[PDB]
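S.K.: File start34.pdb below, PDB, C-alpha atoms and all ligand atoms:
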```
ATOM      1  CA  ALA A 886     103.885  90.383 111.596  1.00  0.00           C
ATOM      2  CA  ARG A 887     107.471  91.204 111.089  1.00  0.00           C
ATOM      3  CA  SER A 888     109.231  90.564 114.320  1.00  0.00           C
ATOM      4  CA  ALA A 889     110.670  93.594 116.090  1.00  0.00           C
ATOM      5  CA  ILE A 890     114.176  92.139 115.908  1.00  0.00           C
ATOM      6  CA  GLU A 891     113.784  91.716 112.160  1.00  0.00           C
ATOM      7  CA  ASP A 892     112.026  95.081 112.047  1.00  0.00           C
ATOM      8  CA  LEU A 893     115.238  96.638 113.339  1.00  0.00           C
ATOM      9  CA  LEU A 894     117.289  94.395 111.059  1.00  0.00           C
ATOM     10  CA  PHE A 895     115.306  95.371 107.967  1.00  0.00           C
ATOM     11  CA  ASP A 896     115.070  99.099 108.660  1.00  0.00           C
ATOM     12  CA  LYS A 897     118.695  99.551 109.724  1.00  0.00           C
ATOM     13  CA  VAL A 898     120.109  97.915 106.590  1.00  0.00           C
ATOM     14  CA  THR A 899     119.853  99.851 103.335  1.00  0.00           C
ATOM     15  CA  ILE A 900     117.093  98.190 101.296  1.00  0.00           C
ATOM     16  CA  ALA A 901     115.836  99.486  97.968  1.00  0.00           C
ATOM     17  CA  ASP A 902     112.445  97.892  97.291  1.00  0.00           C
ATOM     18  CA  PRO A 903     111.871  96.346  93.831  1.00  0.00           C
ATOM     19  CA  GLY A 904     108.139  97.165  93.799  1.00  0.00           C
ATOM     20  CA  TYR A 905     106.212  93.990  94.660  1.00  0.00           C
ATOM     21  CA  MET A 906     102.765  95.503  94.186  1.00  0.00           C
ATOM     22  CA  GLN A 907     102.819  98.610  91.929  1.00  0.00           C
ATOM     23  CA  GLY A 908     106.477  99.617  91.754  1.00  0.00           C
ATOM     24  CA  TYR A 909     106.246 100.129  88.001  1.00  0.00           C
ATOM     25  CA  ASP A 910     103.481 102.637  88.657  1.00  0.00           C
ATOM     26  CA  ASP A 911     105.646 104.172  91.429  1.00  0.00           C
ATOM     27  CA  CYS A 912     108.050 105.473  88.799  1.00  0.00           C
ATOM     28  CA  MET A 913     105.756 105.984  85.815  1.00  0.00           C
ATOM     29  CA  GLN A 914     103.816 108.625  87.766  1.00  0.00           C
ATOM     30  CA  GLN A 915     106.271 109.548  90.545  1.00  0.00           C
ATOM     31  CA  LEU A 923     117.981 102.188  91.401  1.00  0.00           C
ATOM     32  CA  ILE A 924     114.969 100.010  90.593  1.00  0.00           C
ATOM     33  CA  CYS A 925     113.199 102.391  88.232  1.00  0.00           C
ATOM     34  CA  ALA A 926     115.727 102.174  85.388  1.00  0.00           C
TER      35      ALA A 926
ATOM     36  CA  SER B 683      95.526  95.095  73.990  1.00  0.00           C
ATOM     37  CA  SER B 684      95.997  98.827  73.033  1.00  0.00           C
ATOM     38  CA  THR B 685      99.720  99.625  73.251  1.00  0.00           C
ATOM     39  CA  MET B 686     101.791  96.458  72.724  1.00  0.00           C
ATOM     40  CA  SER B 687     105.032  95.652  70.907  1.00  0.00           C
ATOM     41  CA  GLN B 688     106.600  92.557  69.236  1.00  0.00           C
ATOM     42  CA  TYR B 689     103.940  90.216  67.861  1.00  0.00           C
ATOM     43  CA  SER B 690     100.266  90.560  68.847  1.00  0.00           C
ATOM     44  CA  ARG B 691      98.474  88.814  71.710  1.00  0.00           C
ATOM     45  CA  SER B 692      96.936  85.320  71.698  1.00  0.00           C
ATOM     46  CA  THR B 693      93.651  85.059  73.615  1.00  0.00           C
ATOM     47  CA  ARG B 694      90.626  82.794  73.086  1.00  0.00           C
ATOM     48  CA  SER B 695      88.768  81.979  76.306  1.00  0.00           C
ATOM     49  CA  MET B 696      86.277  84.833  76.520  1.00  0.00           C
ATOM     50  CA  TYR B 704      86.812  87.201  81.786  1.00  0.00           C
ATOM     51  CA  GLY B 705      87.886  90.577  83.109  1.00  0.00           C
ATOM     52  CA  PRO B 706      91.488  91.097  84.196  1.00  0.00           C
ATOM     53  CA  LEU B 707      92.145  90.461  87.871  1.00  0.00           C
ATOM     54  CA  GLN B 708      94.349  92.598  90.090  1.00  0.00           C
ATOM     55  CA  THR B 709      96.776  90.398  92.031  1.00  0.00           C
ATOM     56  CA  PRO B 710      99.502  91.480  94.466  1.00  0.00           C
ATOM     57  CA  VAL B 711     102.048  90.477  91.839  1.00  0.00           C
ATOM     58  CA  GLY B 712     100.221  92.517  89.197  1.00  0.00           C
ATOM     59  CA  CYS B 713      97.392  92.149  86.669  1.00  0.00           C
ATOM     60  CA  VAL B 714      96.368  88.740  85.354  1.00  0.00           C
ATOM     61  CA  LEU B 715      94.439  87.391  82.363  1.00  0.00           C
ATOM     62  CA  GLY B 716      93.158  83.876  81.824  1.00  0.00           C
ATOM     63  CA  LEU B 717      92.365  83.255  85.494  1.00  0.00           C
ATOM     64  CA  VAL B 718      89.313  82.902  87.715  1.00  0.00           C
ATOM     65  CA  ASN B 719      88.903  84.295  91.211  1.00  0.00           C
ATOM     66  CA  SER B 720      88.769  81.491  93.775  1.00  0.00           C
ATOM     67  CA  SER B 721      89.447  81.697  97.517  1.00  0.00           C
ATOM     68  CA  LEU B 722      91.045  78.268  97.751  1.00  0.00           C
ATOM     69  CA  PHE B 723      94.123  77.060  99.619  1.00  0.00           C
ATOM     70  CA  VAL B 724      96.573  74.404  98.395  1.00  0.00           C
ATOM     71  CA  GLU B 725      99.750  73.442 100.255  1.00  0.00           C
ATOM     72  CA  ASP B 726     101.610  71.610  97.517  1.00  0.00           C
ATOM     73  CA  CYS B 727     101.407  73.648  94.305  1.00  0.00           C
ATOM     74  CA  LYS B 728     103.364  71.927  91.545  1.00  0.00           C
ATOM     75  CA  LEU B 729     103.550  75.248  89.675  1.00  0.00           C
ATOM     76  CA  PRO B 730     103.320  78.098  92.205  1.00  0.00           C
ATOM     77  CA  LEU B 731     102.513  81.357  90.417  1.00  0.00           C
TER      78      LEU B 731
HETATM   79  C1  LIG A1001      88.566  88.184  94.212  1.00  0.00           C
HETATM   80  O1  LIG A1001      87.382  88.777  94.755  1.00  0.00           O
HETATM   81  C2  LIG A1001      87.593  89.523  95.962  1.00  0.00           C
HETATM   82  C3  LIG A1001      86.233  89.982  96.428  1.00  0.00           C
HETATM   83  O2  LIG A1001      85.195  89.267  95.772  1.00  0.00           O
HETATM   84  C4  LIG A1001      88.553  90.675  95.690  1.00  0.00           C
HETATM   85  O3  LIG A1001      88.807  91.373  96.903  1.00  0.00           O
HETATM   86  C5  LIG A1001      89.856  90.142  95.111  1.00  0.00           C
HETATM   87  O4  LIG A1001      90.707  91.223  94.750  1.00  0.00           O
HETATM   88  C6  LIG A1001      89.586  89.277  93.882  1.00  0.00           C
HETATM   89  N1  LIG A1001      90.824  88.698  93.385  1.00  0.00           N
HETATM   90  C7  LIG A1001      91.492  89.185  92.334  1.00  0.00           C
HETATM   91  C8  LIG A1001      92.752  88.463  91.965  1.00  0.00           C
HETATM   92  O5  LIG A1001      91.096  90.163  91.708  1.00  0.00           O
END
```
Before we go any further, please render this structure as structure tokens.
Ligand SMILES: *[C@@H]1O[C@H](CO)[C@@H](O)[C@H](O)[C@H]1NC(C)=O

M.R.:
Amino acid sequence: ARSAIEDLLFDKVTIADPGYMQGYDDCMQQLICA
Amino acid sequence: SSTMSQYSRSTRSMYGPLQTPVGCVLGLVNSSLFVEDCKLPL
């Protein structure tokens, strides 16, 4: 899947995820919410 | 169609909504088909 080198690259850098699947739901019932 | 805003919705082709990884879709049919060269990729 994601390569381990890019696994380290992705996790080490600060990424805020803009909710590909249900990110709207992720702030209706639980920055990229506002 | 319950809680909308602006002007109302336009729908004719009655057809349940389909849950896609990008969201929830109307006006589409489920089909497990593969195309390399989509002119209009969704
Ligand atoms: C299409 O059908 C399969 C199983 O029949 C289902 O897993 C999939 O979520 C459906 N696709 C959509 C977009 O709902």

S.K.: Just say which residues the PyMOL selection byres (((not hetatm)) within 12 of (chain A and resi 1001)) picks in this file, as an mmCIF file with C-alpha atoms, keeping the file's coordinate frame.

M.R.:
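Done, and the output landed in part.cif:
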```cif
data_model
loop_
_atom_site.group_PDB
_atom_site.id
_atom_site.type_symbol
_atom_site.label_atom_id
_atom_site.label_comp_id
_atom_site.auth_asym_id
_atom_site.auth_seq_id
_atom_site.Cartn_x
_atom_site.Cartn_y
_atom_site.Cartn_z
ATOM 1 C CA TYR B 704 86.812 87.201 81.786
ATOM 2 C CA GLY B 705 87.886 90.577 83.109
ATOM 3 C CA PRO B 706 91.488 91.097 84.196
ATOM 4 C CA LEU B 707 92.145 90.461 87.871
ATOM 5 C CA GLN B 708 94.349 92.598 90.090
ATOM 6 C CA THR B 709 96.776 90.398 92.031
ATOM 7 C CA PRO B 710 99.502 91.480 94.466
ATOM 8 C CA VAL B 711 102.048 90.477 91.839
ATOM 9 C CA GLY B 712 100.221 92.517 89.197
ATOM 10 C CA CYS B 713 97.392 92.149 86.669
ATOM 11 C CA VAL B 714 96.368 88.740 85.354
ATOM 12 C CA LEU B 715 94.439 87.391 82.363
ATOM 13 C CA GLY B 716 93.158 83.876 81.824
ATOM 14 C CA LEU B 717 92.365 83.255 85.494
ATOM 15 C CA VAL B 718 89.313 82.902 87.715
ATOM 16 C CA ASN B 719 88.903 84.295 91.211
ATOM 17 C CA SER B 720 88.769 81.491 93.775
ATOM 18 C CA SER B 721 89.447 81.697 97.517
ATOM 19 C CA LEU B 722 91.045 78.268 97.751
#
```

S.K.: Please write as a PyMOL selection string the full residue list that the PyMOL selection byres ((chain A and not hetatm) within 8 of (chain B)) yields on this file.

M.R.: chain A and resi 905-907

S.K.: What's the separation between atom CA of residue 693 of chain B and atom CA of residue 726 of chain B, in Å to one decimal place?

M.R.: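 Computed distance, atom CA of residue 693 of chain B to atom CA of residue 726 of chain B, equals 28.6 Å.
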
S.K.: Please provide the set of residues having any atom within 8 Å of residue 909 of chain A, restricted to only C-alpha atoms, with same-chain residues fewer than 4 positions apart removed, written as number ranges by chain.

M.R.: A: 904, 913, 925

S.K.: Show me, as a list in words, the residues that have an atom within 10 Å of residue 902 of chain A when counting all atoms listed in the file, minus same-chain residues fewer than 5 positions from it.

M.R.: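 So, after excluding close chain neighbours, the residues are residues 908, 923 and 924 of chain A.
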
S.K.: Kindly give the distance, in Å, that separates atom CA of residue 895 of chain A and atom CA of residue 926 of chain A, rounded to a single decimal.

M.R.: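 One can read the atom CA of residue 895 of chain A to atom CA of residue 926 of chain A distance as 23.6 Å.
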
S.K.: Hey, can I get the axis-aligned box for segment 892-897 of chain A? All listed atoms, 6 Å padding on each side, centre and edge lengths in Å to one decimal, as AutoDock Vina command-line options.

M.R.:
```
--center_x 115.4 --center_y 97.0 --center_z 110.7 --size_x 18.7 --size_y 17.2 --size_z 17.4
```

S.K.: Could you work out how far atom CA of residue 903 of chain A lies from atom CA of residue 728 of chain B, giving the answer in Å with one decimal?

M.R.: 26.0 Å
